[PDB]
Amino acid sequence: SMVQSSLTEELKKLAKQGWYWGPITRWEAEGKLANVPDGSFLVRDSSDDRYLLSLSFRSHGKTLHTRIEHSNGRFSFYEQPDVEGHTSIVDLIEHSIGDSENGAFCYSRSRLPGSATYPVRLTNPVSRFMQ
């Protein structure tokens, strides 16, 4: 029975600050994050037709990626059914940073029930600008 309850301006701001990289692939992002400290991250366009944006981040010698879902004016990470979401990309990331600070930011390699989760500590956005 239930019913449901500016992205451009944000992305303009994040591009101007440098940490929204626009149309780079997962492989390009891996290169950009190869020599930055663990926890570093960036936002970019997703190559998958089902999504517009992805988060790439460094942890434990690996660059990992996740897609961002955007619906009903809100944002979440993908494959998170039945979540409230956040009203901006920045709010989504800030929430995740706060979870990282508490030891609650973690990932899995499967959504099978019982899949292991692995902690990651996020730090700093990575700028696309050479200085």
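Start at 1 with the first residue shown and count on from there.
Count class of coordinate-free deposited residues lying between the neighbours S5 and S6: Going from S5 to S6, the model skips 4 to 9 residues of the deposited sequence.
Compare the mean C-alpha B-factor of 80-88 with that of 65-73 as given in the PDB entry, and name the stretch with the higher value. Looking at the recorded C-alpha B-factors, 80-88 comes out higher on average.
Tell me which of 38-46 and 24-32 has the higher mean C-alpha B-factor in the deposited entry. Comparing 38-46 with 24-32, the higher mean C-alpha B-factor belongs to 24-32.
Lowest, middle or highest third: where is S54 by C-alpha B factor in its chain? For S54, whose C-alpha B-factor we compare with every modelled residue in the chain, the answer is the lowest third.
Lowest, middle or highest third: which one holds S96 when the chain's residues are ordered by CA B-factor from the entry? Ranked within chain, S96 CA B lands in the lowest tercile.
Among the chain's modelled residues, which third holds the C-alpha B-factor of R111? According to the entry, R111 has a C-alpha B-factor in the chain's highest third.
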